[PDB]
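> My structure is below; once you've seen it, I'll send some questions.
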Amino acid sequence: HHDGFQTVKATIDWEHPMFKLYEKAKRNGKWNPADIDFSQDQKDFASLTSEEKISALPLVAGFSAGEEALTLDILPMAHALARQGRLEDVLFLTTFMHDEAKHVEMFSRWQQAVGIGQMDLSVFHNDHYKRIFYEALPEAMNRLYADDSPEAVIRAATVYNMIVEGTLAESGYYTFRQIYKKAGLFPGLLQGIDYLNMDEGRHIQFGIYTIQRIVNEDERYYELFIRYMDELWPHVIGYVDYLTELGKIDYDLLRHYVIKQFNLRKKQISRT
Amino acid sequence: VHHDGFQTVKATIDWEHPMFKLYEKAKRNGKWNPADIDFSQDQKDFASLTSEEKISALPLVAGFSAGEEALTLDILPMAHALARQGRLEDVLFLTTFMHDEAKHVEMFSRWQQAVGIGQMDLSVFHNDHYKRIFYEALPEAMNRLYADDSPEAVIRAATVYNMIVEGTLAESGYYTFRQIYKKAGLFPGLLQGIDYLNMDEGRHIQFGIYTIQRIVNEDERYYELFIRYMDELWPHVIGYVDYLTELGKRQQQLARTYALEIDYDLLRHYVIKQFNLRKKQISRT
Ligand SMILES: CCCCCCCCCCCCCCCC(=O)O
Ligand SMILES: CCCCCCCCCCCCCCCC(=O)O
Ligand SMILES: [Fe+3]
Ligand SMILES: [Fe+3]
Ligand SMILES: [Mn+2]
Ligand SMILES: [Mn+2]
Ligand SMILES: [Mn+3]
Ligand SMILES: [Mn+3]
C-alpha cells in the first residue's frame, strides 16, 4: 500500500542531487537512434573482407548484450529506491532506463543496417563475459527485491555502474574510437557511441552518488566496495584478454585504458 | 536469476512489433519538458483568487498529483514481469511510459510550488473511495506481478492501471480541467501541462489495450474477467467523482466570479461514458 504521497503532502526536493541529474538528463538526452544514418556503415561493412567483418563483431556482441542486460537489470534498483521513498532517485532512474533502451536500439539498428541481424553473435561471449553479464549482474540486481540492505545496494551499484559502465563501457567507447574512427569506418555507429558516452556520464554519477551516500553512513562499507570491485576484476580482464587475443592497432594501449578506468572508479569513492 | 541469452545478440529487435512502434511514437511525441512551462501567470491568477476560490481547484490537483506519483512507482512491477517474459519491445516502450509519468509528477509539483501551495498537505481531498483505488487496489494489483505473472494477474493489473485510473479517471480529469479552468481562462501553464499529459495518456491507454487484448486473444474466458474487474472498481470511481462533485457544488464562488455554468451532471456523464468506452475497446478476439 501507499501510506501517502510526497507531491501531495509537499513537493519534489528540488535541490536533491538526483533531481538535478534528472533535469540534466532531460536536457541532454534528446537524441534518437532512429535519426542516425547507417547507410555508409552498411557500405563500409560490405567493403571489408570476411576476415575484417569478423574482427568487428566481438565488440558489438559485447555491447548489444550489455545494453540489453542493463535495460532489464536496472528495474530492481528502481523498485528498491522507490520502496525507500527516494522519489528523486526514481525520477532520474526513468531517464537511466530510457537511455539504456535507446542504447539497445542503437546497436540493433546498426546490426540490421550492415546486414548481420540474422547472425547469432553469442559465439563471442566467453565464460568470463557470461560470468559478469549472464550471471553476476542479474544476481546482484534481483537481490534487491528481497534484500535492499546497504550492503546489497552497494554491491548492485558496484557491479552495474562502476564495473559494467564505469570500466567496460567506457573502455569500449575508447576502443571503438581508437580503431574505427582513425580508420574512417562506421560513422553512424561512432555517432551512436558519442551519444552513449554522454549518457554514461550521468549513469556513472548515479552509481557514485549511491555508493558514496551509503559509505558516508559507515566507512566499513568502503571496504565492501573495494572488495566487490576486486572480486570482479579477473572476469573484466579475462574478457579483455579474450577480445585482445582475437584482434591478432595498439592493443596494449587499450588494455592499459581498462586498468586506468578500473582504478579511476575506485578513486571516485571516498573512504570518508 | 540468470539471463539465458539476449535477443539483440541472437537476432534483432522485432521492428514491426506494435509496442516497438508505440515506443517510436513516444520518442517522437514525448519531448516536452515540465521545466519549460511558464507558470508565472498561474501564480498571479492563484493570488488574485479569494480563499474560497483558491481551494476550489485544489481537490482536482490533489487527485492528479497522487495519481501521477502512484503511477510512476507502480508501473515498475509490470515492466519487470514483461521483461521476465522476454517481451523486450514492451520493455522498451515501458521505459518511455515510466518517464512520462515522472514528468507528470514533476509538472503538477512545479505548479503547486509556483502558485504557493507546495507546503499545504493536499491529502485532505482524498476520500475513502480515492484511497481504495490509489493507496490500495492499484499497488496491490501491480505488486502481485512479482510473484504471479499469470494472465489473470496481468489482465487485472492493466485493468486497474490503464483502463480505470488512466482510461476513466485521468481522461475525465483532463476534460474537467478544460470545461472549468480553460473556459474561465485561468492557469495557462497548468493547462499546457494538461494537454501534454493528455497526449502522453493516449499511448498509456494503448499499451493497456494491447496487453489486455493479447491475453483475451488466447482465451475468451479472460474477456469476462476484464469486464468483472472493471465493474468491481466502478463504485470507487463514481464514489470519488461524487465526492469531487459535492465539493464543487458547495464552493460556487469561482464559477460565479468567472461567469461559468459548471455542468456537474455533464461531467458525471462523461465519466460513465469513458468507463463504458474503455470496456468497449476490448473484444472477445
Ligand atoms: C579490446 C580492449 C578491451 C576494451 C573493453 C571492451 C568491452 C566491451 C563492452 C561490453 C559491455 C558494455 C556494457 C554496456 C553498458 C551500458 O549500456 O551502460
Ligand atoms: C468533478 C468531476 C470529476 C471528474 C473526474 C476527476 C478525476 C480526477 C483525476 C485524478 C486521478 C488521475 C490519475 C493520473 C493518471 C496518469 O498519470 O496516467
Ligand atoms: Fe549506462
Ligand atoms: Fe498515464
Ligand atoms: Mn579464463
Ligand atoms: Mn461512499
Ligand atoms: Mn548503455
Ligand atoms: Mn500520468
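Residues are referred to by chain and number: the chain letter is A, B, ... according to the order shown in the C-alpha cells, the number counts from 1 in that chain, and ligands are numbered separately from 1 in the order shown.
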Return the neighbours of chain A among the residues of chain B, cut-off 7 Å, counting only C-alpha atoms, as a CSV table (one decimal) with C-alpha atoms, in the first residue's frame.

chain,number,residue,atom,x,y,z
B,1,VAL,CA,18.1,-15.2,-12.0
B,2,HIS,CA,20.4,-15.9,-15.0
B,3,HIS,CA,20.0,-14.5,-18.5
B,4,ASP,CA,19.9,-17.4,-20.9
B,6,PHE,CA,19.9,-11.8,-25.5
B,8,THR,CA,19.7,-8.3,-29.9
B,9,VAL,CA,22.7,-10.7,-29.9
B,10,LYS,CA,20.9,-13.7,-31.3
B,11,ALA,CA,18.7,-11.6,-33.6
B,12,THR,CA,17.3,-8.1,-33.6
B,13,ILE,CA,14.5,-6.1,-32.1
B,62,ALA,CA,-4.6,16.7,-5.2
B,65,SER,CA,-0.6,14.7,-8.0
B,66,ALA,CA,-1.0,11.5,-6.0
B,69,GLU,CA,3.2,9.6,-8.2
B,73,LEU,CA,6.1,3.9,-8.8
B,76,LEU,CA,7.7,-1.0,-12.2
B,80,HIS,CA,9.6,-6.4,-14.5
B,83,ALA,CA,10.9,-8.3,-19.0
B,92,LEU,CA,11.4,-0.5,-24.5
B,95,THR,CA,10.8,3.0,-20.4
B,96,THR,CA,9.0,5.8,-22.2
B,98,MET,CA,7.6,5.5,-16.8
B,99,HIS,CA,9.5,8.6,-17.9
B,102,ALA,CA,7.8,11.0,-13.9
B,109,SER,CA,4.6,19.6,-8.3
B,113,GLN,CA,5.4,25.2,-5.9
B,118,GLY,CA,3.7,23.3,-2.0
B,119,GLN,CA,3.7,23.5,1.8
B,120,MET,CA,0.0,22.6,2.1
B,121,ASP,CA,-0.9,19.0,2.7
B,122,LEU,CA,-3.4,18.1,0.0
B,123,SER,CA,-4.2,14.6,1.3
B,135,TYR,CA,-3.5,3.8,-1.9
B,136,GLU,CA,-4.7,0.1,-2.0
B,139,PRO,CA,-0.4,-1.1,-5.7
B,140,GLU,CA,-1.9,-4.5,-4.8
> Any idea what's packed within 9 Å of region 159-172 of chain A, counting only C-alpha atoms, ignoring anything in its chain fewer than 3 positions away? Could you give it as a compact mmCIF listing (two decimals) with N, CA and C atoms, in the first residue's frame?

# COMPACT_ATOMS: atom_id res chain seq x y z
N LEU A 59 33.21 -6.99 -30.40
CA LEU A 59 32.97 -5.80 -29.58
C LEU A 59 31.50 -5.38 -29.63
N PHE A 63 28.66 -5.29 -26.61
CA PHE A 63 27.83 -4.13 -26.32
C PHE A 63 26.34 -4.47 -26.42
N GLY A 66 25.33 -6.31 -23.43
CA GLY A 66 25.45 -5.38 -22.32
C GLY A 66 24.28 -4.43 -22.19
N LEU A 70 21.52 -4.35 -19.13
CA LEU A 70 21.36 -3.16 -18.30
C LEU A 70 19.96 -2.57 -18.40
N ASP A 73 18.07 -4.98 -16.16
CA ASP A 73 18.53 -5.22 -14.79
C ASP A 73 18.56 -3.94 -13.96
N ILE A 74 18.24 -2.77 -14.53
CA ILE A 74 18.09 -1.61 -13.68
C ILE A 74 16.77 -1.61 -12.92
N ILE A 132 29.96 -12.17 -15.82
CA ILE A 132 29.52 -10.83 -15.46
C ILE A 132 28.09 -10.60 -15.89
N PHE A 133 27.82 -10.72 -17.20
CA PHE A 133 26.55 -10.26 -17.76
C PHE A 133 25.43 -11.29 -17.69
N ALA A 136 26.49 -12.61 -12.74
CA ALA A 136 26.74 -11.78 -11.57
C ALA A 136 25.86 -10.54 -11.57
N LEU A 137 25.72 -9.90 -12.71
CA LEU A 137 24.93 -8.68 -12.77
C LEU A 137 23.48 -8.94 -12.40
N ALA A 140 23.03 -9.85 -8.66
CA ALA A 140 23.17 -8.72 -7.76
C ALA A 140 21.99 -7.74 -7.83
N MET A 141 21.37 -7.51 -9.00
CA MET A 141 20.25 -6.57 -9.05
C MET A 141 18.98 -7.20 -8.51
N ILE A 154 25.09 -1.37 -2.33
CA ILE A 154 26.46 -1.08 -2.76
C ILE A 154 26.94 -2.13 -3.75
N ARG A 155 26.63 -3.40 -3.50
CA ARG A 155 27.09 -4.44 -4.40
C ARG A 155 26.42 -4.30 -5.76
N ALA A 156 25.13 -3.98 -5.78
CA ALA A 156 24.43 -3.79 -7.04
C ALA A 156 25.04 -2.63 -7.84
N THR A 175 37.80 2.23 -27.21
CA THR A 175 38.25 1.24 -28.19
C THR A 175 37.66 1.51 -29.57
N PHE A 176 36.34 1.67 -29.64
CA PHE A 176 35.73 1.99 -30.92
C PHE A 176 36.42 3.18 -31.57
N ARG A 177 36.68 4.23 -30.78
CA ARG A 177 37.30 5.43 -31.35
C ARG A 177 38.74 5.18 -31.78
N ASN A 197 28.29 7.62 -24.86
CA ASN A 197 29.30 8.05 -23.89
C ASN A 197 28.77 9.21 -23.05
N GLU A 200 26.42 7.97 -20.46
CA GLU A 200 27.09 7.14 -19.45
C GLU A 200 27.64 8.00 -18.33
N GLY A 201 27.96 9.25 -18.63
CA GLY A 201 28.45 10.13 -17.60
C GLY A 201 27.44 10.29 -16.48
N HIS A 203 24.88 8.08 -15.81
CA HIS A 203 24.76 6.74 -15.21
C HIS A 203 25.84 6.49 -14.17
N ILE A 204 27.09 6.83 -14.50
CA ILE A 204 28.18 6.67 -13.55
C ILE A 204 28.02 7.60 -12.34
N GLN A 205 27.59 8.85 -12.57
CA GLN A 205 27.34 9.77 -11.46
C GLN A 205 26.28 9.23 -10.52
N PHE A 206 25.30 8.48 -11.03
CA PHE A 206 24.31 7.90 -10.12
C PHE A 206 24.94 6.81 -9.27
N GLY A 207 25.78 5.99 -9.88
CA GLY A 207 26.49 4.97 -9.11
C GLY A 207 27.36 5.58 -8.03
N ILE A 208 28.10 6.64 -8.37
CA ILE A 208 28.93 7.30 -7.37
C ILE A 208 28.05 7.90 -6.27
N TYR A 228 34.21 -5.83 -3.59
CA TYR A 228 33.39 -6.23 -4.73
C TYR A 228 34.06 -5.84 -6.04
N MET A 229 34.72 -4.67 -6.09
CA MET A 229 35.44 -4.30 -7.31
C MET A 229 36.49 -5.35 -7.66
N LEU A 232 35.44 -8.76 -9.09
CA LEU A 232 35.03 -8.84 -10.49
C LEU A 232 36.17 -8.61 -11.48
N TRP A 233 37.29 -8.05 -11.02
CA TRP A 233 38.35 -7.69 -11.96
C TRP A 233 38.80 -8.87 -12.81
N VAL A 236 36.63 -9.13 -15.78
CA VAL A 236 36.85 -7.96 -16.63
C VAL A 236 38.06 -8.19 -17.50
N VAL A 240 38.64 -8.92 -21.45
CA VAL A 240 39.53 -8.05 -22.22
C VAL A 240 40.60 -8.86 -22.94
N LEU A 254 45.01 -0.16 -25.30
CA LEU A 254 43.63 -0.40 -24.90
C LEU A 254 43.56 -1.10 -23.55
N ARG A 255 44.47 -2.04 -23.31
CA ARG A 255 44.43 -2.80 -22.07
C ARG A 255 44.81 -1.94 -20.87
N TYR A 257 44.04 1.13 -20.73
CA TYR A 257 42.91 2.02 -20.51
C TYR A 257 41.87 1.36 -19.62
N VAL A 258 41.63 0.06 -19.81
CA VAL A 258 40.73 -0.68 -18.92
C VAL A 258 41.21 -0.58 -17.47
N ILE A 259 42.50 -0.85 -17.24
CA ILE A 259 43.05 -0.75 -15.89
C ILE A 259 42.89 0.65 -15.35
N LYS A 260 43.13 1.65 -16.20
CA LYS A 260 43.04 3.05 -15.78
C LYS A 260 41.61 3.44 -15.40
N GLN A 261 40.62 2.91 -16.12
CA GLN A 261 39.23 3.14 -15.76
C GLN A 261 38.91 2.47 -14.43
N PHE A 262 39.32 1.21 -14.27
CA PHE A 262 39.03 0.44 -13.07
C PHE A 262 39.51 1.16 -11.81
N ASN A 263 40.72 1.72 -11.87
CA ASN A 263 41.31 2.39 -10.72
C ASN A 263 40.70 3.75 -10.51
N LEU A 264 40.35 4.41 -11.61
CA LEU A 264 39.66 5.68 -11.56
C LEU A 264 38.33 5.54 -10.82
N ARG A 265 37.58 4.48 -11.10
CA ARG A 265 36.29 4.30 -10.47
C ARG A 265 36.46 4.01 -8.98
N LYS A 266 37.53 3.32 -8.60
CA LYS A 266 37.80 3.11 -7.17
C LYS A 266 38.10 4.43 -6.48
> To one decimal place in Å, what is the distance between CA of residue 207 (chain B) and CA of residue 64 (chain B)?
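Rounded to one decimal, the two atoms are 20.3 Å apart.
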> Report as JSON lines: every residue of chain B with an atom at most 9 Å from ligand 2, its closest pair of atoms, and their distance in Å to one decimal, counting only C-alpha atoms and all ligand atoms, with rows sorted by chain and ascending residue number.

{"residue": "B:59", "atom": "CA", "partner": "ligand 2", "partner_atom_place_in_ligand_line": "8 (C)", "distance": 8.3}
{"residue": "B:60", "atom": "CA", "partner": "ligand 2", "partner_atom_place_in_ligand_line": "8 (C)", "distance": 5.6}
{"residue": "B:61", "atom": "CA", "partner": "ligand 2", "partner_atom_place_in_ligand_line": "10 (C)", "distance": 7.6}
{"residue": "B:62", "atom": "CA", "partner": "ligand 2", "partner_atom_place_in_ligand_line": "10 (C)", "distance": 7.6}
{"residue": "B:63", "atom": "CA", "partner": "ligand 2", "partner_atom_place_in_ligand_line": "10 (C)", "distance": 4.1}
{"residue": "B:64", "atom": "CA", "partner": "ligand 2", "partner_atom_place_in_ligand_line": "12 (C)", "distance": 4.1}
{"residue": "B:65", "atom": "CA", "partner": "ligand 2", "partner_atom_place_in_ligand_line": "12 (C)", "distance": 7.3}
{"residue": "B:66", "atom": "CA", "partner": "ligand 2", "partner_atom_place_in_ligand_line": "13 (C)", "distance": 7.3}
{"residue": "B:67", "atom": "CA", "partner": "ligand 2", "partner_atom_place_in_ligand_line": "13 (C)", "distance": 3.9}
{"residue": "B:68", "atom": "CA", "partner": "ligand 2", "partner_atom_place_in_ligand_line": "17 (O)", "distance": 4.1}
{"residue": "B:69", "atom": "CA", "partner": "ligand 2", "partner_atom_place_in_ligand_line": "17 (O)", "distance": 7.6}
{"residue": "B:70", "atom": "CA", "partner": "ligand 2", "partner_atom_place_in_ligand_line": "17 (O)", "distance": 8.1}
{"residue": "B:71", "atom": "CA", "partner": "ligand 2", "partner_atom_place_in_ligand_line": "17 (O)", "distance": 5.9}
{"residue": "B:72", "atom": "CA", "partner": "ligand 2", "partner_atom_place_in_ligand_line": "17 (O)", "distance": 7.8}
{"residue": "B:100", "atom": "CA", "partner": "ligand 2", "partner_atom_place_in_ligand_line": "17 (O)", "distance": 8.4}
{"residue": "B:101", "atom": "CA", "partner": "ligand 2", "partner_atom_place_in_ligand_line": "17 (O)", "distance": 5.8}
{"residue": "B:102", "atom": "CA", "partner": "ligand 2", "partner_atom_place_in_ligand_line": "17 (O)", "distance": 8.9}
{"residue": "B:104", "atom": "CA", "partner": "ligand 2", "partner_atom_place_in_ligand_line": "17 (O)", "distance": 6.4}
{"residue": "B:105", "atom": "CA", "partner": "ligand 2", "partner_atom_place_in_ligand_line": "17 (O)", "distance": 7.9}
{"residue": "B:130", "atom": "CA", "partner": "ligand 2", "partner_atom_place_in_ligand_line": "11 (C)", "distance": 8.6}
{"residue": "B:134", "atom": "CA", "partner": "ligand 2", "partner_atom_place_in_ligand_line": "11 (C)", "distance": 8.5}
{"residue": "B:161", "atom": "CA", "partner": "ligand 2", "partner_atom_place_in_ligand_line": "18 (O)", "distance": 8.0}
{"residue": "B:162", "atom": "CA", "partner": "ligand 2", "partner_atom_place_in_ligand_line": "18 (O)", "distance": 7.5}
{"residue": "B:165", "atom": "CA", "partner": "ligand 2", "partner_atom_place_in_ligand_line": "13 (C)", "distance": 5.5}
{"residue": "B:166", "atom": "CA", "partner": "ligand 2", "partner_atom_place_in_ligand_line": "18 (O)", "distance": 4.5}
{"residue": "B:167", "atom": "CA", "partner": "ligand 2", "partner_atom_place_in_ligand_line": "18 (O)", "distance": 8.0}
{"residue": "B:168", "atom": "CA", "partner": "ligand 2", "partner_atom_place_in_ligand_line": "7 (C)", "distance": 8.0}
{"residue": "B:169", "atom": "CA", "partner": "ligand 2", "partner_atom_place_in_ligand_line": "7 (C)", "distance": 4.5}
{"residue": "B:170", "atom": "CA", "partner": "ligand 2", "partner_atom_place_in_ligand_line": "12 (C)", "distance": 4.2}
{"residue": "B:171", "atom": "CA", "partner": "ligand 2", "partner_atom_place_in_ligand_line": "9 (C)", "distance": 7.6}
{"residue": "B:172", "atom": "CA", "partner": "ligand 2", "partner_atom_place_in_ligand_line": "5 (C)", "distance": 4.7}
{"residue": "B:173", "atom": "CA", "partner": "ligand 2", "partner_atom_place_in_ligand_line": "6 (C)", "distance": 4.0}
{"residue": "B:174", "atom": "CA", "partner": "ligand 2", "partner_atom_place_in_ligand_line": "9 (C)", "distance": 7.7}
{"residue": "B:175", "atom": "CA", "partner": "ligand 2", "partner_atom_place_in_ligand_line": "4 (C)", "distance": 7.8}
{"residue": "B:176", "atom": "CA", "partner": "ligand 2", "partner_atom_place_in_ligand_line": "4 (C)", "distance": 5.8}
{"residue": "B:177", "atom": "CA", "partner": "ligand 2", "partner_atom_place_in_ligand_line": "6 (C)", "distance": 8.6}
{"residue": "B:197", "atom": "CA", "partner": "ligand 2", "partner_atom_place_in_ligand_line": "17 (O)", "distance": 7.6}
{"residue": "B:198", "atom": "CA", "partner": "ligand 2", "partner_atom_place_in_ligand_line": "18 (O)", "distance": 8.6}
{"residue": "B:200", "atom": "CA", "partner": "ligand 2", "partner_atom_place_in_ligand_line": "18 (O)", "distance": 8.3}
{"residue": "B:201", "atom": "CA", "partner": "ligand 2", "partner_atom_place_in_ligand_line": "18 (O)", "distance": 5.9}
{"residue": "B:204", "atom": "CA", "partner": "ligand 2", "partner_atom_place_in_ligand_line": "18 (O)", "distance": 7.1}
{"residue": "B:205", "atom": "CA", "partner": "ligand 2", "partner_atom_place_in_ligand_line": "18 (O)", "distance": 8.4}
{"residue": "B:237", "atom": "CA", "partner": "ligand 2", "partner_atom_place_in_ligand_line": "5 (C)", "distance": 8.3}
{"residue": "B:238", "atom": "CA", "partner": "ligand 2", "partner_atom_place_in_ligand_line": "5 (C)", "distance": 8.6}
{"residue": "B:240", "atom": "CA", "partner": "ligand 2", "partner_atom_place_in_ligand_line": "3 (C)", "distance": 7.7}
{"residue": "B:241", "atom": "CA", "partner": "ligand 2", "partner_atom_place_in_ligand_line": "3 (C)", "distance": 4.6}
{"residue": "B:242", "atom": "CA", "partner": "ligand 2", "partner_atom_place_in_ligand_line": "3 (C)", "distance": 7.3}
{"residue": "B:243", "atom": "CA", "partner": "ligand 2", "partner_atom_place_in_ligand_line": "1 (C)", "distance": 8.0}
{"residue": "B:244", "atom": "CA", "partner": "ligand 2", "partner_atom_place_in_ligand_line": "1 (C)", "distance": 4.8}
{"residue": "B:245", "atom": "CA", "partner": "ligand 2", "partner_atom_place_in_ligand_line": "1 (C)", "distance": 4.5}
{"residue": "B:246", "atom": "CA", "partner": "ligand 2", "partner_atom_place_in_ligand_line": "1 (C)", "distance": 8.2}
{"residue": "B:247", "atom": "CA", "partner": "ligand 2", "partner_atom_place_in_ligand_line": "1 (C)", "distance": 8.2}
{"residue": "B:248", "atom": "CA", "partner": "ligand 2", "partner_atom_place_in_ligand_line": "1 (C)", "distance": 6.6}
{"residue": "B:264", "atom": "CA", "partner": "ligand 2", "partner_atom_place_in_ligand_line": "1 (C)", "distance": 6.3}
{"residue": "B:265", "atom": "CA", "partner": "ligand 2", "partner_atom_place_in_ligand_line": "2 (C)", "distance": 8.7}
{"residue": "B:266", "atom": "CA", "partner": "ligand 2", "partner_atom_place_in_ligand_line": "2 (C)", "distance": 8.8}
{"residue": "B:267", "atom": "CA", "partner": "ligand 2", "partner_atom_place_in_ligand_line": "2 (C)", "distance": 5.3}
{"residue": "B:268", "atom": "CA", "partner": "ligand 2", "partner_atom_place_in_ligand_line": "2 (C)", "distance": 6.1}
{"residue": "B:270", "atom": "CA", "partner": "ligand 2", "partner_atom_place_in_ligand_line": "4 (C)", "distance": 8.0}
{"residue": "B:271", "atom": "CA", "partner": "ligand 2", "partner_atom_place_in_ligand_line": "4 (C)", "distance": 6.6}
> Looking only at alpha helix (DSSP H) from DSSP on the backbone, list the matching residues of region 61-126 of chain A as a PyMOL selection string.
chain A and resi 61-73+75-83+87-114
> Given only C-alpha atoms and all ligand atoms as the basis, pick out the residue of B:229, B:97, B:187, B:108 nearest to ligand 4.
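Residue with the minimum atom-to-atom distance to ligand 4: B:97.
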> Within 12 Å of ligand 5, which residues show up when you count only C-alpha atoms and all ligand atoms? List them as a count of residues only, please.
17
> Between A:17, A:115, A:247, A:192, which one has atoms that come closest to residue 36 (chain A), using only C-alpha atoms?
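So, comparing all the options, the nearest one is A:192.
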> Can you tell me which residues surround residue 262 (chain B) at a distance of at most 8 Å, considering only C-alpha atoms, apart from same-chain residues fewer than 3 positions away, and format the answer as a ChimeraX atom specification?
/B:179-180,255
> For the selection just defined, write its residues with N, CA, C and O atoms to a file, as an mmCIF file, in the first residue's frame.

data_model
loop_
_atom_site.group_PDB
_atom_site.id
_atom_site.type_symbol
_atom_site.label_atom_id
_atom_site.label_comp_id
_atom_site.auth_asym_id
_atom_site.auth_seq_id
_atom_site.Cartn_x
_atom_site.Cartn_y
_atom_site.Cartn_z
ATOM 1 N N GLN B 179 -13.163 22.060 -19.177
ATOM 2 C CA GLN B 179 -14.507 22.599 -19.036
ATOM 3 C C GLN B 179 -14.560 23.718 -18.019
ATOM 4 O O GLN B 179 -15.396 24.622 -18.131
ATOM 5 N N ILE B 180 -13.678 23.696 -17.030
ATOM 6 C CA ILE B 180 -13.740 24.694 -15.974
ATOM 7 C C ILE B 180 -12.679 25.771 -16.210
ATOM 8 O O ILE B 180 -13.005 26.928 -16.529
ATOM 9 N N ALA B 255 -17.004 29.750 -9.978
ATOM 10 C CA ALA B 255 -17.927 29.733 -11.101
ATOM 11 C C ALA B 255 -18.665 31.065 -11.218
ATOM 12 O O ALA B 255 -18.793 31.618 -12.313
#
